[PDB]
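What follows is the content of input.csv, which has CSV, C-alpha atoms:
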```
chain,number,residue,atom,x,y,z
A,846,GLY,CA,3.8,28.0,-36.4
A,847,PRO,CA,1.1,29.2,-34.0
A,848,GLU,CA,0.3,27.1,-30.9
A,849,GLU,CA,-3.2,25.6,-30.5
A,850,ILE,CA,-5.2,25.2,-27.3
A,851,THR,CA,-7.2,22.5,-29.1
A,852,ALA,CA,-8.4,19.4,-27.2
A,853,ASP,CA,-6.6,17.2,-29.8
A,854,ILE,CA,-3.4,16.0,-28.1
A,855,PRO,CA,-1.2,13.3,-29.6
A,856,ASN,CA,-1.1,10.0,-27.8
A,857,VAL,CA,-3.8,10.5,-25.1
A,858,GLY,CA,-6.8,8.5,-23.9
A,859,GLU,CA,-10.3,9.6,-22.9
A,860,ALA,CA,-9.5,9.5,-19.2
A,861,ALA,CA,-7.3,12.4,-19.8
A,862,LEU,CA,-10.0,14.0,-22.0
A,863,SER,CA,-12.6,13.2,-19.4
A,864,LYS,CA,-11.8,16.2,-17.2
A,865,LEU,CA,-11.8,18.4,-20.4
A,866,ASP,CA,-14.6,20.1,-22.3
A,867,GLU,CA,-14.8,20.3,-26.1
A,868,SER,CA,-12.6,23.4,-26.1
A,869,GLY,CA,-9.7,21.9,-24.1
A,870,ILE,CA,-10.1,23.7,-20.8
A,871,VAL,CA,-10.9,21.9,-17.5
A,872,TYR,CA,-14.4,22.2,-16.2
A,873,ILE,CA,-14.9,24.5,-13.2
A,874,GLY,CA,-15.1,22.3,-10.1
A,875,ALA,CA,-13.3,19.3,-11.4
A,876,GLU,CA,-11.2,18.2,-8.5
A,877,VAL,CA,-7.7,17.4,-9.9
A,878,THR,CA,-4.5,15.8,-8.8
A,879,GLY,CA,-0.9,15.6,-10.1
A,880,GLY,CA,-0.5,15.0,-13.9
A,881,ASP,CA,-4.1,16.0,-14.8
A,882,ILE,CA,-4.4,18.3,-17.8
A,883,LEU,CA,-5.6,21.8,-16.9
A,884,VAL,CA,-5.3,23.3,-20.5
A,885,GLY,CA,-4.7,21.3,-23.7
A,886,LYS,CA,-1.9,23.0,-25.7
A,887,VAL,CA,-0.1,21.9,-28.8
A,888,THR,CA,2.9,23.4,-30.6
A,889,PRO,CA,3.9,22.8,-34.2
A,890,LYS,CA,6.9,20.7,-35.0
A,891,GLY,CA,7.0,19.3,-38.6
A,892,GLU,CA,9.0,16.4,-40.2
A,893,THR,CA,10.5,14.9,-37.0
A,894,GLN,CA,13.2,12.8,-38.8
A,895,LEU,CA,12.6,9.7,-36.6
B,1045,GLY,CA,4.2,36.7,-29.4
B,1046,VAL,CA,1.5,35.4,-27.1
B,1047,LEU,CA,-1.8,34.6,-28.8
B,1048,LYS,CA,-3.9,33.6,-25.8
B,1049,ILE,CA,-3.5,32.8,-22.1
B,1050,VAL,CA,-5.5,30.5,-19.8
B,1051,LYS,CA,-5.1,31.2,-16.1
B,1052,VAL,CA,-6.4,28.4,-13.9
B,1053,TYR,CA,-7.1,28.9,-10.2
B,1054,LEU,CA,-6.8,25.8,-7.9
B,1055,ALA,CA,-7.8,25.9,-4.3
B,1056,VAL,CA,-5.6,23.3,-2.5
B,1057,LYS,CA,-6.5,22.5,1.1
B,1058,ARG,CA,-3.5,21.4,3.1
B,1059,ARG,CA,-4.0,20.4,6.8
B,1060,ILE,CA,-1.0,19.6,8.9
B,1061,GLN,CA,1.7,17.0,8.7
B,1062,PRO,CA,5.1,16.3,10.2
B,1063,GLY,CA,7.4,19.1,9.0
B,1064,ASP,CA,5.2,22.2,9.3
B,1065,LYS,CA,6.7,25.0,11.3
B,1066,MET,CA,4.7,26.2,14.3
B,1067,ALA,CA,5.4,28.6,17.0
B,1068,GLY,CA,3.8,30.5,19.8
B,1069,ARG,CA,4.0,34.2,20.2
B,1070,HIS,CA,7.0,33.9,22.5
B,1071,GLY,CA,9.7,32.9,20.1
B,1072,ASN,CA,9.4,29.2,20.6
B,1073,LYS,CA,9.6,27.7,17.2
B,1074,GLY,CA,8.8,24.1,16.5
B,1075,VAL,CA,8.4,21.5,13.8
B,1076,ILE,CA,5.6,19.0,14.3
B,1077,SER,CA,7.4,15.7,14.8
B,1078,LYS,CA,4.7,12.9,15.1
B,1079,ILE,CA,0.9,13.1,14.7
B,1080,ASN,CA,-0.3,10.9,17.7
B,1081,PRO,CA,-3.5,9.1,18.2
B,1082,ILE,CA,-5.8,10.3,21.0
B,1083,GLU,CA,-5.2,7.0,22.7
B,1084,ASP,CA,-1.5,7.7,23.4
B,1085,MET,CA,-2.4,11.3,24.4
B,1086,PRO,CA,-1.8,12.2,28.1
B,1087,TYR,CA,-5.1,12.7,29.9
B,1088,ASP,CA,-6.1,14.1,33.2
B,1089,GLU,CA,-8.2,12.4,35.8
B,1090,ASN,CA,-11.4,13.8,34.3
B,1091,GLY,CA,-10.4,12.1,31.0
B,1092,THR,CA,-10.0,15.1,28.7
B,1093,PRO,CA,-6.9,14.5,26.5
B,1094,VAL,CA,-4.3,17.2,25.6
C,6,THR,CA,-6.3,-20.5,44.2
C,7,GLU,CA,-7.9,-19.9,40.8
C,8,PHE,CA,-9.6,-16.8,39.4
C,9,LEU,CA,-12.6,-14.5,39.3
C,10,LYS,CA,-14.5,-13.0,36.3
C,11,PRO,CA,-16.1,-9.5,36.4
C,12,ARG,CA,-19.5,-8.2,35.2
C,13,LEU,CA,-21.2,-4.9,34.4
C,14,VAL,CA,-23.5,-3.6,37.1
C,15,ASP,CA,-25.5,-0.4,36.8
C,16,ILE,CA,-25.2,1.6,33.6
C,17,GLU,CA,-26.4,4.9,34.8
C,18,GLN,CA,-27.5,7.2,32.0
C,19,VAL,CA,-27.3,10.9,32.7
C,20,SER,CA,-27.5,12.6,29.3
C,21,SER,CA,-28.0,11.1,25.8
C,22,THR,CA,-24.4,12.3,25.4
C,23,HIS,CA,-22.7,11.2,28.6
C,24,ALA,CA,-23.2,8.4,31.1
C,25,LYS,CA,-21.5,6.3,33.8
C,26,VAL,CA,-21.2,2.5,33.4
C,27,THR,CA,-19.7,0.5,36.3
C,28,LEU,CA,-18.0,-2.9,36.6
C,29,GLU,CA,-18.0,-4.3,40.2
C,30,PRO,CA,-16.1,-7.7,40.4
C,31,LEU,CA,-12.5,-6.7,39.7
C,32,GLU,CA,-9.5,-8.3,41.3
C,33,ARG,CA,-6.4,-6.5,42.5
C,34,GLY,CA,-5.1,-4.0,39.9
C,35,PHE,CA,-7.3,-5.3,37.1
C,36,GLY,CA,-9.4,-2.1,37.3
C,37,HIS,CA,-6.4,-0.2,35.9
C,38,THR,CA,-5.3,-3.1,33.6
C,39,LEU,CA,-8.8,-2.9,32.0
C,40,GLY,CA,-9.7,0.8,32.2
C,41,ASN,CA,-6.7,1.9,30.2
C,42,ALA,CA,-6.9,-1.0,27.7
C,43,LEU,CA,-10.6,-0.3,27.3
C,44,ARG,CA,-10.1,3.4,27.0
C,45,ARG,CA,-7.7,2.5,24.2
C,46,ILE,CA,-10.2,0.6,22.2
C,47,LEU,CA,-13.1,2.8,23.3
C,48,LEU,CA,-11.7,6.1,21.9
C,49,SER,CA,-10.5,4.7,18.6
C,50,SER,CA,-12.0,1.7,16.9
C,51,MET,CA,-15.6,2.1,17.6
C,52,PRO,CA,-18.1,2.1,14.7
C,53,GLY,CA,-19.9,5.2,13.7
C,54,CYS,CA,-21.8,6.6,10.8
C,55,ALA,CA,-20.7,10.0,9.5
C,56,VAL,CA,-21.8,11.9,6.4
C,57,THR,CA,-19.4,11.3,3.5
C,58,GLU,CA,-20.6,12.6,0.1
C,59,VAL,CA,-22.9,15.6,-0.3
C,60,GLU,CA,-24.4,16.8,-3.7
C,61,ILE,CA,-26.2,20.1,-3.6
C,62,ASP,CA,-28.3,22.3,-6.0
C,63,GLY,CA,-26.4,25.1,-7.8
C,64,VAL,CA,-23.0,24.5,-6.4
C,65,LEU,CA,-20.0,23.1,-8.4
C,66,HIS,CA,-17.5,23.1,-5.5
C,67,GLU,CA,-17.2,23.7,-1.8
C,68,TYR,CA,-15.6,27.2,-2.4
C,69,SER,CA,-18.7,28.9,-3.8
C,70,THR,CA,-21.6,30.9,-2.4
C,71,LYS,CA,-25.3,30.1,-2.8
C,72,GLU,CA,-27.3,33.2,-3.5
C,73,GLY,CA,-29.6,33.5,-0.5
C,74,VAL,CA,-27.6,31.8,2.3
C,75,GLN,CA,-25.1,33.6,4.6
C,76,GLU,CA,-23.0,30.4,5.1
C,77,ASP,CA,-20.3,29.7,2.6
C,78,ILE,CA,-20.6,26.2,1.1
C,79,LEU,CA,-17.3,25.2,2.8
C,80,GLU,CA,-18.8,26.1,6.2
C,81,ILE,CA,-22.0,24.2,5.5
C,82,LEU,CA,-20.0,21.1,4.7
C,83,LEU,CA,-18.2,21.5,8.0
C,84,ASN,CA,-21.6,21.7,9.8
C,85,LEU,CA,-22.5,18.3,8.3
C,86,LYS,CA,-19.4,16.6,9.7
C,87,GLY,CA,-21.0,17.3,13.1
C,88,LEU,CA,-24.5,16.0,12.3
C,89,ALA,CA,-25.1,13.0,14.5
C,90,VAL,CA,-27.5,10.4,13.1
C,91,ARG,CA,-28.1,6.7,13.5
C,92,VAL,CA,-29.3,4.1,11.0
C,93,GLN,CA,-30.1,0.5,11.6
C,94,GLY,CA,-30.3,-2.0,8.7
C,95,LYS,CA,-28.7,0.2,5.9
C,96,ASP,CA,-24.9,0.7,5.8
C,97,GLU,CA,-25.3,3.8,3.6
C,98,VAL,CA,-28.4,6.1,3.2
C,99,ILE,CA,-28.9,9.3,1.1
C,100,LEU,CA,-31.0,11.9,2.9
C,101,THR,CA,-32.9,14.7,1.0
C,102,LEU,CA,-33.0,18.1,2.7
C,103,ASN,CA,-35.5,20.6,1.4
C,104,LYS,CA,-36.6,23.9,2.9
C,105,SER,CA,-37.0,27.5,1.8
C,106,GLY,CA,-38.3,30.7,3.4
C,107,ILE,CA,-36.5,33.0,5.8
C,108,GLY,CA,-35.1,31.2,8.9
C,109,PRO,CA,-32.7,28.6,10.3
C,110,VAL,CA,-32.5,25.2,8.7
C,111,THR,CA,-32.1,22.7,11.5
C,112,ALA,CA,-31.5,18.9,11.3
C,113,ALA,CA,-35.2,18.2,11.6
C,114,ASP,CA,-36.1,19.7,8.2
C,115,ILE,CA,-34.8,16.6,6.4
C,116,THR,CA,-36.8,13.6,5.1
C,117,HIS,CA,-37.3,10.8,7.6
C,118,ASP,CA,-36.4,7.2,6.7
C,119,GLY,CA,-37.1,3.9,8.5
C,120,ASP,CA,-33.6,3.8,9.8
C,121,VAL,CA,-33.2,7.6,10.1
C,122,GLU,CA,-33.0,8.9,13.7
C,123,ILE,CA,-31.9,12.5,14.1
C,124,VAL,CA,-30.5,12.6,17.6
C,125,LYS,CA,-30.2,16.4,17.5
C,126,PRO,CA,-33.1,17.9,15.5
C,127,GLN,CA,-32.0,21.4,16.6
C,128,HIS,CA,-28.5,21.0,15.1
C,129,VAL,CA,-28.0,24.0,12.8
C,130,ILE,CA,-27.1,23.2,9.2
C,131,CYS,CA,-27.3,26.8,7.8
C,132,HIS,CA,-29.5,29.8,7.7
C,133,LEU,CA,-31.7,31.1,4.9
C,134,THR,CA,-32.0,34.8,4.1
C,135,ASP,CA,-34.5,35.5,1.3
C,136,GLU,CA,-38.3,34.8,1.3
C,137,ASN,CA,-38.2,32.7,-1.8
C,138,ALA,CA,-34.7,31.3,-1.5
C,139,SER,CA,-34.8,27.5,-1.9
C,140,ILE,CA,-32.2,24.8,-1.2
C,141,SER,CA,-32.4,21.0,-2.1
C,142,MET,CA,-29.5,18.6,-1.2
C,143,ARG,CA,-28.6,14.9,-1.5
C,144,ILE,CA,-26.7,13.8,1.7
C,145,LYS,CA,-24.9,10.4,1.5
C,146,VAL,CA,-24.2,8.9,4.9
C,147,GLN,CA,-22.1,5.8,5.5
C,148,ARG,CA,-21.0,3.8,8.4
C,149,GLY,CA,-17.4,2.7,9.2
C,150,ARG,CA,-14.5,2.9,11.7
C,151,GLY,CA,-12.0,5.5,12.5
C,152,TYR,CA,-11.1,8.7,10.7
C,153,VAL,CA,-11.1,8.8,6.9
C,154,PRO,CA,-10.2,12.3,5.6
C,155,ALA,CA,-11.6,13.3,2.2
C,156,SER,CA,-8.1,13.2,0.7
C,157,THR,CA,-7.6,9.5,1.1
C,158,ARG,CA,-11.0,9.0,-0.6
C,159,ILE,CA,-9.6,10.0,-4.0
C,160,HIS,CA,-7.6,7.1,-5.4
C,161,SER,CA,-10.4,4.7,-6.5
C,162,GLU,CA,-11.6,7.5,-9.0
C,163,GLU,CA,-12.8,5.4,-11.9
C,164,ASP,CA,-15.3,8.1,-12.9
C,165,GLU,CA,-16.5,9.8,-9.8
C,166,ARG,CA,-17.2,12.6,-12.2
C,167,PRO,CA,-20.4,14.2,-10.7
C,168,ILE,CA,-18.9,17.6,-10.4
C,169,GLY,CA,-21.5,18.5,-7.7
C,170,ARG,CA,-20.7,15.6,-5.4
C,171,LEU,CA,-18.7,17.3,-2.6
C,172,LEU,CA,-16.9,14.8,-0.4
C,173,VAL,CA,-16.5,15.8,3.2
C,174,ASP,CA,-14.1,14.3,5.8
C,175,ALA,CA,-15.3,11.1,7.4
C,176,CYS,CA,-15.2,11.3,11.2
C,177,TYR,CA,-16.7,7.9,11.8
C,178,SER,CA,-16.8,7.5,15.5
C,179,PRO,CA,-19.4,8.0,18.3
C,180,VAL,CA,-17.0,8.5,21.2
C,181,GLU,CA,-16.0,12.0,22.4
C,182,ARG,CA,-14.3,11.6,25.8
C,183,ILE,CA,-13.5,8.5,27.8
C,184,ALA,CA,-12.4,8.6,31.4
C,185,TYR,CA,-12.1,5.7,33.9
C,186,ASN,CA,-11.8,5.8,37.7
C,187,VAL,CA,-11.2,2.7,39.9
C,188,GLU,CA,-12.3,3.2,43.5
C,189,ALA,CA,-11.9,0.2,45.8
C,190,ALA,CA,-15.0,-1.9,46.0
C,191,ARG,CA,-15.4,-4.4,48.9
C,192,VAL,CA,-17.9,-7.1,48.4
C,193,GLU,CA,-18.6,-8.2,52.0
C,194,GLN,CA,-16.3,-11.2,51.9
C,195,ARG,CA,-13.1,-11.0,50.0
C,196,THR,CA,-9.8,-9.4,51.1
C,197,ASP,CA,-9.7,-6.5,48.7
C,198,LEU,CA,-11.5,-6.2,45.3
C,199,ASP,CA,-12.0,-3.1,43.2
C,200,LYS,CA,-14.7,-1.4,41.2
C,201,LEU,CA,-14.5,0.3,37.8
C,202,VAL,CA,-16.4,3.6,37.2
C,203,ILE,CA,-16.0,4.3,33.4
C,204,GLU,CA,-17.3,7.8,32.7
C,205,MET,CA,-17.9,8.3,28.9
C,206,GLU,CA,-19.2,11.0,26.6
C,207,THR,CA,-21.0,10.4,23.3
C,208,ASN,CA,-22.5,12.1,20.3
C,209,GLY,CA,-25.8,10.4,21.3
C,210,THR,CA,-25.7,7.9,18.5
C,211,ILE,CA,-24.7,4.9,20.6
C,212,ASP,CA,-26.1,3.4,23.8
C,213,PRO,CA,-23.4,2.4,26.4
C,214,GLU,CA,-24.2,-1.3,26.6
C,215,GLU,CA,-24.0,-1.9,22.9
C,216,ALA,CA,-20.6,-0.1,22.7
C,217,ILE,CA,-18.8,-1.8,25.7
C,218,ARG,CA,-19.7,-5.3,24.4
C,219,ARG,CA,-18.4,-4.9,20.8
C,220,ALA,CA,-15.4,-3.2,22.4
C,221,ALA,CA,-14.7,-6.3,24.5
C,222,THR,CA,-15.5,-8.4,21.4
C,223,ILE,CA,-12.5,-7.2,19.5
C,224,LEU,CA,-10.2,-7.9,22.5
C,225,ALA,CA,-10.5,-11.6,22.6
C,226,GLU,CA,-10.5,-11.7,18.9
C,227,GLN,CA,-7.1,-10.0,19.0
C,228,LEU,CA,-6.0,-12.2,21.9
C,229,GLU,CA,-7.1,-15.2,19.8
C,230,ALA,CA,-3.9,-15.3,17.8
C,231,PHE,CA,-2.1,-14.3,21.1
C,232,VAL,CA,-3.1,-17.5,23.0
C,233,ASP,CA,-1.4,-20.2,21.2
C,234,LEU,CA,1.5,-19.0,18.9
C,235,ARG,CA,1.8,-21.0,15.7
C,236,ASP,CA,4.6,-18.8,14.4
C,237,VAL,CA,2.3,-18.3,11.4
C,238,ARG,CA,3.5,-16.5,8.3
D,6,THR,CA,-17.3,-3.1,11.5
D,7,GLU,CA,-14.9,-6.0,10.8
D,8,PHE,CA,-11.3,-6.0,12.1
D,9,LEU,CA,-7.7,-6.8,11.6
D,10,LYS,CA,-5.9,-9.9,13.0
D,11,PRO,CA,-2.2,-10.1,12.5
D,12,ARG,CA,0.0,-12.5,10.6
D,13,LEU,CA,3.7,-13.4,10.5
D,14,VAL,CA,4.9,-13.9,14.0
D,15,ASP,CA,8.4,-15.2,14.7
D,16,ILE,CA,9.6,-16.2,18.1
D,17,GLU,CA,13.4,-16.4,18.0
D,18,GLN,CA,14.4,-18.0,21.3
D,19,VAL,CA,17.7,-17.3,23.0
D,20,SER,CA,17.8,-20.2,25.5
D,21,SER,CA,14.6,-21.9,26.9
D,22,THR,CA,14.1,-19.3,29.6
D,23,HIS,CA,14.4,-16.0,27.5
D,24,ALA,CA,12.9,-14.9,24.3
D,25,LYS,CA,11.9,-12.2,21.8
D,26,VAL,CA,8.6,-12.7,20.1
D,27,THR,CA,7.4,-10.2,17.5
D,28,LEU,CA,3.9,-9.9,16.1
D,29,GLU,CA,2.8,-7.7,13.2
D,30,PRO,CA,0.4,-6.2,11.8
D,31,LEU,CA,-1.7,-4.6,14.6
D,32,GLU,CA,-4.0,-1.8,13.8
D,33,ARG,CA,-3.4,1.8,15.1
D,34,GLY,CA,-2.5,1.9,18.7
D,35,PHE,CA,-3.3,-1.7,19.4
D,36,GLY,CA,0.3,-2.4,20.0
D,37,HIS,CA,0.3,-0.5,23.3
D,38,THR,CA,-3.1,-1.6,24.6
D,39,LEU,CA,-2.1,-5.2,24.2
D,40,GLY,CA,1.6,-4.8,25.1
D,41,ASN,CA,0.7,-3.0,28.3
D,42,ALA,CA,-2.3,-5.0,29.3
D,43,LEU,CA,-0.4,-8.2,29.0
D,44,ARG,CA,2.7,-6.7,30.7
D,45,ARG,CA,0.3,-5.8,33.4
D,46,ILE,CA,-0.9,-9.3,33.9
D,47,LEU,CA,2.5,-11.0,33.5
D,48,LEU,CA,4.3,-8.9,36.1
D,49,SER,CA,1.4,-8.5,38.4
D,50,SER,CA,-1.3,-11.1,38.5
D,51,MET,CA,0.4,-14.2,37.4
D,52,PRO,CA,0.3,-17.4,39.5
D,53,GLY,CA,3.5,-18.8,40.9
D,54,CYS,CA,4.8,-20.8,43.8
```
Taking this structure as input, can you express it in the form of structure tokens?
Amino acid sequence: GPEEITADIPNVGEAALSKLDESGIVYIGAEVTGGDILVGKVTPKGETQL
Amino acid sequence: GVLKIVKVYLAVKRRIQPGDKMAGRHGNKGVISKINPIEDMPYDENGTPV
Amino acid sequence: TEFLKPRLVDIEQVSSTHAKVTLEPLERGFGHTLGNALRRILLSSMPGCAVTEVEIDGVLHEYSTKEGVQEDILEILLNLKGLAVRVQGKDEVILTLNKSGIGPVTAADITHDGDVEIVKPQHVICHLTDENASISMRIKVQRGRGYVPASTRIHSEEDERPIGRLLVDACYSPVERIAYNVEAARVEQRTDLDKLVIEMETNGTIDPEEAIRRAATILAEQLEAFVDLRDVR
Amino acid sequence: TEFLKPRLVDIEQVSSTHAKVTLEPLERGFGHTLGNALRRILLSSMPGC
């Protein structure tokens, strides 16, 4: 399937989503460090077989 | 194959730390070893450190 | 037989910046023993109040340009690190700078506070190039010891979100240059005693007598442990 | 403002005359200013007969 830039990322808190806008891209001027999310991106993988 | 691209531009400001390579114009290389306090810096009689 | 204690004699101010204090009753070699040990504590761990956090008008980050000012935001931040001020009963104060109109914006265009003393009202913050160009800024000044670079000031985080709060590097310290010279001082009767001429240099935010006392204060407090040795852990 | 005073200080003596004390933690550069100023007074101005 197609990959989404949506701000909906499995298993992440608001502190991650703090630095992000509604669209999933970091605000201009947010000072960032290692591990911070610049662009939210999600790729389809269905029926994992856990 | 690419639907969209987000290019983010970070401005990192790095100062100086042990390990940077520095050289004069005369072919004298060097790698900063320790970053010393002004207290341990050699000074002349007038008191201006080096 | 026993010993002799020193004292400070004439503290001769020359400029608000630089001055010569003197200490007369020094025994043999104690002028050197002190002068370097004092130079040590003088240059480093002296309290000072330097600007820390600066939030301006239309600017998201230090890498932008304000329409109407020929100084890049980064360069204006750098100008602030060199603004010398002094407060009294407040350990951090936020100063509001407002100005507009063509011309230089000096350090005297800010808003005075009870504890605000601008020691260099002529200090250039930035210029202003267009008739009706206007700049408002919140300048957060704190007091502390040593050198705290802006980098080490990002680990507490915990929502310092305000995108417009530009941290600058903390230079907290008054002292610029310290030099000591010991010339031999003979009080009329003693074999040989020495003087201490300590020639210092300052940003104008501290008077010599206040400084040299709190300097000497830390010494005995560090020697405190030193005297008896309880092998403490 | 306020300052640092050390802790943990072990004096491991090798005979009653000679010894190695160690004292940590000292702030930046305070190790020399003390170490030298006391070396100064021990070697120079100490009373003895």
How close does chain B get to chain C? List, as JSON lines, each residue of chain B within 7 Å, its nearest atom pair and the distance in Å to one decimal, counting all atoms listed in the file.
```
{"residue": "B:1083", "atom": "CA", "partner": "C:45", "partner_atom": "CA", "distance": 5.4}
{"residue": "B:1090", "atom": "CA", "partner": "C:184", "partner_atom": "CA", "distance": 6.0}
{"residue": "B:1091", "atom": "CA", "partner": "C:184", "partner_atom": "CA", "distance": 4.1}
{"residue": "B:1092", "atom": "CA", "partner": "C:182", "partner_atom": "CA", "distance": 6.3}
```
Find the residues in chain A near chain B: any atom within 9 Å counts, using all atoms listed in the file. Write them as an mmCIF file with C-alpha atoms, keeping the file's coordinate frame.
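Result written to result-v6.cif:
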```
data_model
loop_
_atom_site.group_PDB
_atom_site.id
_atom_site.type_symbol
_atom_site.label_atom_id
_atom_site.label_comp_id
_atom_site.auth_asym_id
_atom_site.auth_seq_id
_atom_site.Cartn_x
_atom_site.Cartn_y
_atom_site.Cartn_z
ATOM 1 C CA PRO A 847 1.100 29.200 -34.000
ATOM 2 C CA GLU A 848 0.300 27.100 -30.900
ATOM 3 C CA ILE A 850 -5.200 25.200 -27.300
ATOM 4 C CA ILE A 870 -10.100 23.700 -20.800
ATOM 5 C CA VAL A 871 -10.900 21.900 -17.500
ATOM 6 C CA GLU A 876 -11.200 18.200 -8.500
ATOM 7 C CA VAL A 877 -7.700 17.400 -9.900
ATOM 8 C CA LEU A 883 -5.600 21.800 -16.900
ATOM 9 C CA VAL A 884 -5.300 23.300 -20.500
#
```
In file coordinates, which residues lie within 9 Å of (-30.5, 24.5, 16.9) using all atoms listed in the file, given as a ChimeraX atom specification?
/C:109-112,125-130
If you measure from CA of residue 193 (chain C) to CA of residue 10 (chain C), what distance in Å do you get, rounded to one decimal?
16.9 Å
Distance CA of residue 131 (chain C)-CA of residue 143 (chain C), one decimal place?
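Distance reported for this atom pair: 15.2 Å.
The list of chain D residues within 10 Å of chain B is residues 33, 34, 35, 37 and 38 of chain D; this uses only C-alpha atoms.
Note that CA of residue 138 (chain C) and CA of residue 105 (chain C) are 5.5 Å apart.
Residues having any atom no farther than 12 Å from (-13.7, 19.2, -25.5) (counting only C-alpha atoms) are residues 850, 851, 852, 853, 854, 859, 861, 862, 863, 864, 865, 866, 867, 868, 869, 870, 871, 872, 884 and 885 of chain A.
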